[PDB]
Number of protein chains: 2
Amino acid sequence: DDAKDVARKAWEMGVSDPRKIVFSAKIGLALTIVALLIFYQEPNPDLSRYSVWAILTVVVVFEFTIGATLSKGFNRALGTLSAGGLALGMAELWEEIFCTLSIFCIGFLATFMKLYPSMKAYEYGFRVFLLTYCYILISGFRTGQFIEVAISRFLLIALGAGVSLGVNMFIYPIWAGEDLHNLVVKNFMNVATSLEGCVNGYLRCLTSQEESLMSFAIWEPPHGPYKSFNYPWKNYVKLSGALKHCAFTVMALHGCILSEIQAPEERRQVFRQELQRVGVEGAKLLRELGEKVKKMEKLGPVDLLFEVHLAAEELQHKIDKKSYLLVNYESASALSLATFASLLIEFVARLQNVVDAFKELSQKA
Amino acid sequence: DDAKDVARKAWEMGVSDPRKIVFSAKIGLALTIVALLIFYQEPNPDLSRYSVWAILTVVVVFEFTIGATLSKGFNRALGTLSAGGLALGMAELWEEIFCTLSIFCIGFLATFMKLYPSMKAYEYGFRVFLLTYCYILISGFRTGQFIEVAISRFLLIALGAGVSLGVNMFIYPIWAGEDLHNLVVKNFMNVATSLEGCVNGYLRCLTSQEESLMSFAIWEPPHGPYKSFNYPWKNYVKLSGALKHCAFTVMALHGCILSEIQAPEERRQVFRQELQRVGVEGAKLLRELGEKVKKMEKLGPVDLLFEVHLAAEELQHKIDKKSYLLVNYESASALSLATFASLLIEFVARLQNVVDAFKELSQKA
Ligand SMILES: CCCCCCCCCCCC(=O)OC[C@H](COP(=O)([O-])O)OC(=O)CCCCCCCCCCC
Ligand SMILES: CCCCCCCCCCCC(=O)OC[C@H](COP(=O)([O-])O)OC(=O)CCCCCCCCCCC
């Protein structure tokens, strides 16, 4: 019952988003290739009980997006070497006291530098730095059994990363650039539906996830339609804030939807028809820009503000001749409708920055 | 230069927040005790090159808050056993094909169940389940060298967790309940400062982080002032949303601060004095509730709405006799001030739910 229903919902999510099955199958295939290689090409126990670092490196350095693998791994690459670099300094350097004090001070400094301000996301390298240094110190005591146990833990962790890179980079690439288009376009549609729902309701009564993907996207090679290196992936994040202004405005509109001083609807149903036209014509420019961005038409947004500007102006010179319903429990309701409509003209006025911010991007791209 | 300045800023942050130094020192002490114990009580190499699981368990199962350690570890506890539980089923169970198909299907199902909906936070147990099963399968091939290499990797990982629990639970406990008070009180003050800044500006011209802590807090024992088990840690999160309503309102106020249709200030400086009194008297009830929550006075919020209600009503019957500035480029500005003031009365009206939601909590506590 519950299991079947959950599986069904997951199935619709998977067919809607086919990346889930592909990514899971890719991880499965990488684990199978590593296990098969170990169990076939090494039946001779030169080393067959200390290779659990290959499975671990495969399961840890493999992520959803290609930019993630390349850029996040490079953080781990310098992170492992930095701890190793100081390790050689403190391996050659009466012995046990120095060992303990070093292993305590280095951990202290690493932890303090990892709990600092806005890097609470650049943190895997510091865990790497702690673990590498602790690993070297818990085992390097001998200098006779050093290399034999040390390189048997580096070669196998390197030839798990090689495969986890090749398989991920040459089977269904999940390029971070495309997901940026998917996020920047879905925003337009969902905001448009939000405005439509906002305006429909008074008459009905009887950049964290967008700039992180930019950091990933600066490392992925020019795929197909992204022509040259250093593609201007700086204006996709600047268009998002331009829309986020209007997102705040429509959020205020919804806060007006669910207010506690709502108007006496019989009174509101006098100025009741022009709002719908303003909303309908405002949704159109917002859907058309999304359509322009999705296929990336290099023809330009030529003067789309016309209909919405005319609608806004006609709304402006309609609130004014019929201003008898807005001014003089009872008094508070009157100004509410004025606050109600005064936001929408602000939406149209703010809609202009979006057009400029997309015209500059369509030229810079 | 840069290093000294960064260190200084970190020093002020640390003296302001002494938990950073304490937590880092505690991790350092745990690493030192583990390393000292290994290097002193085991100079005899029964096993001294395979205990790197003690250092790892210490560095991974140790977190900031006590509730984190106990509850997150329990997720790991059943996570490791669940994979181990099926492992015995698929160890007794012609051999290699079954091995590969099992290690692929189990990984597939675990990954799919980990990339599901709103658990993107309950995910460490699934990594644990993958790693345990892969570990067992990459090594259990022998059944003669099984136990010797297996228990030498369980005893040491258990007696790193024992110390990482004891040290964290009996040296400067960082109880999750107290941080809930700190977050629920800081909110009142910062929102009050936000309102004060909002109202000061038109005349100046010439629950993700609160409900997660609740889940942690349900596992920590009754410390001191929290009397009995099953303390009502359900109303601290319900008061936060009651304040979040007004947070949305003041966010709309700030959106009005930075609008593009701002009023011609010479015109606004006519109805200019009562807003300041309304804001000042509204900040007071908002600071006093924070003071009531901070020390948790069991005396009750007895009729604090009086001053703010009177201020709101006097504002109401002031917009109305002077309504000549609000109605009839020029027309749009007029209704702006009406939207301006119509929000504030909504703030006072919404302020009532907060008092009820805190009166019920002060009785239930
Ligand atoms: C060159 C490019 C490398 C690209 C990526 C290579 C590694 C990627 C790191 C991903 C996670 C990882 O491998 O862990 C580092 C391990 C210890 O971690 P764990 O296995 O305990 O989780 O620590 C170790 O593997 C031990 C190795 C320490 C010896 C390595 C340095 C030897 C001297 C190098 C100087 C050039
Ligand atoms: C009992 C309460 C325990 C409380 C916590 C104990 C462990 C806490 C887990 C924290 C992380 C951890 O230990 O990793 C699990 C390891 C493999 O992980 P890693 O060392 O590769 O990172 O996997 C292993 O350690 C291998 C152990 C597998 C044998 C354990 C099960 C044996 C049969 C148990 C049945 C009762």
# chains A, B, ... in the order shown; residues from 1 in each chain; ligands from 1
$ residues_near_ligand --ligand "ligand 2" --cutoff "7 Å" --atoms "only C-alpha atoms and all ligand atoms" --output "list in words"
residues 56 of chain A; 53, 56, 57, 60, 61, 73, 76, 77, 80, 81, 84, 85, 128, 131, 132, 150, 153, 154, 157, 158 and 161 of chain B
$ write_last_selection --atoms "N, CA, C and O atoms" --output "CSV table (one decimal), in the first residue's frame"
chain,number,residue,atom,x,y,z
A,56,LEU,N,35.6,3.7,-1.8
A,56,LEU,CA,35.3,5.0,-1.1
A,56,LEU,C,35.5,6.2,-2.0
A,56,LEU,O,34.7,7.1,-2.0
B,53,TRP,N,40.9,4.2,12.1
B,53,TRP,CA,39.4,4.4,12.2
B,53,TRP,C,39.0,5.1,13.5
B,53,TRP,O,37.9,5.7,13.6
B,56,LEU,N,39.4,8.8,12.6
B,56,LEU,CA,38.3,9.2,11.7
B,56,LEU,C,37.0,9.2,12.4
B,56,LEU,O,36.2,10.2,12.2
B,57,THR,N,36.6,8.2,13.3
B,57,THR,CA,35.4,8.3,14.0
B,57,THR,C,35.3,9.5,14.9
B,57,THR,O,34.2,10.1,15.0
B,60,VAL,N,34.6,12.6,12.8
B,60,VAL,CA,33.4,12.7,12.0
B,60,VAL,C,32.1,12.7,12.9
B,60,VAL,O,31.1,13.3,12.5
B,61,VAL,N,32.1,12.0,14.0
B,61,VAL,CA,30.9,11.8,14.8
B,61,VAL,C,30.8,13.0,15.8
B,61,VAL,O,29.9,13.0,16.7
B,73,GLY,N,24.0,10.4,15.4
B,73,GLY,CA,24.7,9.1,15.5
B,73,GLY,C,23.7,7.9,15.5
B,73,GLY,O,24.0,6.9,15.0
B,76,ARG,N,23.1,7.0,12.2
B,76,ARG,CA,24.2,6.2,11.7
B,76,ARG,C,24.2,4.8,12.3
B,76,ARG,O,24.7,3.9,11.7
B,77,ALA,N,23.7,4.7,13.5
B,77,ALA,CA,23.7,3.4,14.2
B,77,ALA,C,22.9,2.4,13.5
B,77,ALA,O,23.3,1.3,13.2
B,80,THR,N,24.3,1.7,9.7
B,80,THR,CA,25.4,0.7,9.6
B,80,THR,C,24.8,-0.7,9.8
B,80,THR,O,25.3,-1.6,9.1
B,81,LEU,N,23.9,-0.9,10.7
B,81,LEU,CA,23.4,-2.2,11.0
B,81,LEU,C,22.5,-2.7,9.8
B,81,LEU,O,22.5,-3.9,9.5
B,84,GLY,N,24.6,-4.0,7.2
B,84,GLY,CA,25.2,-5.2,7.8
B,84,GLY,C,24.2,-6.3,7.9
B,84,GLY,O,24.5,-7.5,7.7
B,85,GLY,N,22.9,-6.0,8.2
B,85,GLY,CA,21.9,-7.0,8.3
B,85,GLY,C,21.6,-7.7,7.0
B,85,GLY,O,21.5,-8.9,7.0
B,128,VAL,N,26.1,5.9,4.8
B,128,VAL,CA,26.6,4.9,5.7
B,128,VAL,C,26.2,3.5,5.2
B,128,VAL,O,27.0,2.5,5.2
B,131,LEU,N,28.3,2.5,2.1
B,131,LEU,CA,29.7,2.2,2.5
B,131,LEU,C,29.8,0.9,3.3
B,131,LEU,O,30.8,0.2,3.0
B,132,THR,N,29.0,0.6,4.2
B,132,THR,CA,29.0,-0.6,5.0
B,132,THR,C,28.9,-1.8,4.1
B,132,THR,O,29.7,-2.8,4.2
B,150,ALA,N,38.0,-8.1,10.3
B,150,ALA,CA,36.7,-7.4,10.5
B,150,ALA,C,36.6,-6.7,11.9
B,150,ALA,O,36.2,-5.5,12.0
B,153,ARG,N,38.5,-3.7,12.8
B,153,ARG,CA,38.0,-2.5,12.2
B,153,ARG,C,36.7,-2.1,12.9
B,153,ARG,O,36.1,-1.1,12.4
B,154,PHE,N,36.2,-2.8,13.9
B,154,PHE,CA,35.0,-2.4,14.6
B,154,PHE,C,35.3,-1.9,16.0
B,154,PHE,O,34.7,-1.0,16.5
B,157,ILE,N,36.7,1.6,16.1
B,157,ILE,CA,35.8,2.7,15.7
B,157,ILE,C,34.7,2.8,16.7
B,157,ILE,O,34.2,3.9,16.8
B,158,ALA,N,34.5,1.8,17.5
B,158,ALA,CA,33.6,2.0,18.7
B,158,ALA,C,34.3,2.7,19.8
B,158,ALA,O,33.7,3.6,20.4
B,161,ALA,N,34.2,6.5,19.3
B,161,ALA,CA,32.9,7.1,19.5
B,161,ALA,C,32.6,7.2,21.0
B,161,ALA,O,32.0,8.2,21.4
$ residues_around --residues "residue 240 of chain A" --least-positions-apart "2" --cutoff "9 Å" --atoms "only C-alpha atoms" --output "PyMOL selection string"
chain A and resi 184+187+207+210+235-238+242-245+354
$ residues_around --residues "residue 319 of chain B" --least-positions-apart "3" --cutoff "9 Å" --atoms "only C-alpha atoms" --output "JSON, numbers by chain"
{"A": [331], "B": [271, 315, 316, 322, 323, 326, 338, 341]}
$ interface_residues --of "chain A" --to "chain B" --cutoff "8 Å" --atoms "only C-alpha atoms" --output "ChimeraX atom specification"
/A:10,20-21,24-25,27-29,31-32,35-36,48-49,52,55-56,100,103-105,107-108,111-112,115-116,131,134-135,138-139,248-249,252,255,259-261,316-317,320-321,323,327-328,331-332,335-336,338-340,342-343,345-346,349-350
$ write_last_selection --atoms "C-alpha atoms" --output "PDB file, in the first residue's frame"
ATOM      1  CA  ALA A  10       8.804   8.323  -7.311  1.00  0.00           C
ATOM      2  CA  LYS A  20      17.661  10.706 -11.291  1.00  0.00           C
ATOM      3  CA  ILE A  21      17.703   7.284 -12.942  1.00  0.00           C
ATOM      4  CA  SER A  24      21.941   6.436 -10.055  1.00  0.00           C
ATOM      5  CA  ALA A  25      22.680   3.989 -12.884  1.00  0.00           C
ATOM      6  CA  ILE A  27      27.064   5.318  -9.878  1.00  0.00           C
ATOM      7  CA  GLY A  28      25.950   1.694  -9.991  1.00  0.00           C
ATOM      8  CA  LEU A  29      28.006   1.077 -13.136  1.00  0.00           C
ATOM      9  CA  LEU A  31      30.828   0.479  -8.510  1.00  0.00           C
ATOM     10  CA  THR A  32      30.302  -2.608 -10.683  1.00  0.00           C
ATOM     11  CA  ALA A  35      34.424  -4.460  -8.116  1.00  0.00           C
ATOM     12  CA  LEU A  36      34.660  -6.557 -11.294  1.00  0.00           C
ATOM     13  CA  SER A  48      43.182  -7.544  -2.094  1.00  0.00           C
ATOM     14  CA  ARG A  49      42.089  -6.471   1.388  1.00  0.00           C
ATOM     15  CA  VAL A  52      38.542  -0.360   0.057  1.00  0.00           C
ATOM     16  CA  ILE A  55      35.226   2.004  -3.558  1.00  0.00           C
ATOM     17  CA  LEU A  56      35.281   4.952  -1.145  1.00  0.00           C
ATOM     18  CA  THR A 100      51.172  15.578  20.033  1.00  0.00           C
ATOM     19  CA  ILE A 103      48.700  17.285  15.856  1.00  0.00           C
ATOM     20  CA  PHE A 104      46.769  19.436  18.298  1.00  0.00           C
ATOM     21  CA  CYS A 105      47.772  22.881  17.023  1.00  0.00           C
ATOM     22  CA  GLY A 107      43.794  20.661  14.136  1.00  0.00           C
ATOM     23  CA  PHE A 108      42.982  23.782  16.139  1.00  0.00           C
ATOM     24  CA  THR A 111      39.011  24.043  12.706  1.00  0.00           C
ATOM     25  CA  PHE A 112      39.147  27.759  13.511  1.00  0.00           C
ATOM     26  CA  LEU A 115      34.266  27.914  11.147  1.00  0.00           C
ATOM     27  CA  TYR A 116      34.799  31.376   9.781  1.00  0.00           C
ATOM     28  CA  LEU A 131      42.303  13.734   7.854  1.00  0.00           C
ATOM     29  CA  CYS A 134      46.129  12.753  11.168  1.00  0.00           C
ATOM     30  CA  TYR A 135      46.626   9.790   8.817  1.00  0.00           C
ATOM     31  CA  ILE A 138      49.273   7.914  13.110  1.00  0.00           C
ATOM     32  CA  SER A 139      51.460   5.761  10.853  1.00  0.00           C
ATOM     33  CA  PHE A 248       9.325  40.737  -3.793  1.00  0.00           C
ATOM     34  CA  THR A 249       6.536  42.902  -5.200  1.00  0.00           C
ATOM     35  CA  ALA A 252       3.772  41.758  -1.040  1.00  0.00           C
ATOM     36  CA  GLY A 255       0.647  39.266   1.775  1.00  0.00           C
ATOM     37  CA  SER A 259      -4.239  40.201   5.213  1.00  0.00           C
ATOM     38  CA  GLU A 260      -6.589  40.790   8.148  1.00  0.00           C
ATOM     39  CA  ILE A 261      -8.040  44.142   6.994  1.00  0.00           C
ATOM     40  CA  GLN A 316      -3.695  55.270 -13.305  1.00  0.00           C
ATOM     41  CA  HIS A 317      -6.329  57.527 -14.842  1.00  0.00           C
ATOM     42  CA  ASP A 320      -8.748  59.062  -9.781  1.00  0.00           C
ATOM     43  CA  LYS A 321     -12.168  59.981 -11.176  1.00  0.00           C
ATOM     44  CA  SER A 323     -11.766  58.082  -5.787  1.00  0.00           C
ATOM     45  CA  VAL A 327     -11.237  58.019   1.160  1.00  0.00           C
ATOM     46  CA  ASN A 328     -13.727  60.148   3.059  1.00  0.00           C
ATOM     47  CA  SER A 331     -11.892  54.071   7.538  1.00  0.00           C
ATOM     48  CA  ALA A 332      -9.106  51.473   7.606  1.00  0.00           C
ATOM     49  CA  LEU A 335      -7.143  53.111   2.121  1.00  0.00           C
ATOM     50  CA  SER A 336      -6.534  49.365   1.828  1.00  0.00           C
ATOM     51  CA  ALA A 338      -5.373  52.287  -2.515  1.00  0.00           C
ATOM     52  CA  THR A 339      -2.414  50.325  -1.153  1.00  0.00           C
ATOM     53  CA  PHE A 340      -3.804  47.399  -3.174  1.00  0.00           C
ATOM     54  CA  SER A 342      -0.525  51.306  -5.796  1.00  0.00           C
ATOM     55  CA  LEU A 343       1.746  48.252  -5.804  1.00  0.00           C
ATOM     56  CA  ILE A 345       1.950  50.309 -11.010  1.00  0.00           C
ATOM     57  CA  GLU A 346       5.221  49.777  -9.156  1.00  0.00           C
ATOM     58  CA  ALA A 349       7.625  50.506 -13.391  1.00  0.00           C
ATOM     59  CA  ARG A 350      10.129  47.929 -12.102  1.00  0.00           C
TER      60      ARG A 350
END
$ atom_distance --atom1 "atom CA of residue 246 of chain B" --atom2 "atom CA of residue 191 of chain B"
8.5 Å
$ closest_residue --among "A:6, A:86, A:22, A:258" --to "ligand 1" --atoms "only C-alpha atoms and all ligand atoms"
A:86
$ select_by_dssp --residues "segment 161-273 of chain B" --states "helix (DSSP H, G or I)" --output "ChimeraX atom specification"
/B:161-170,176-200,208-217,236-257,265-268
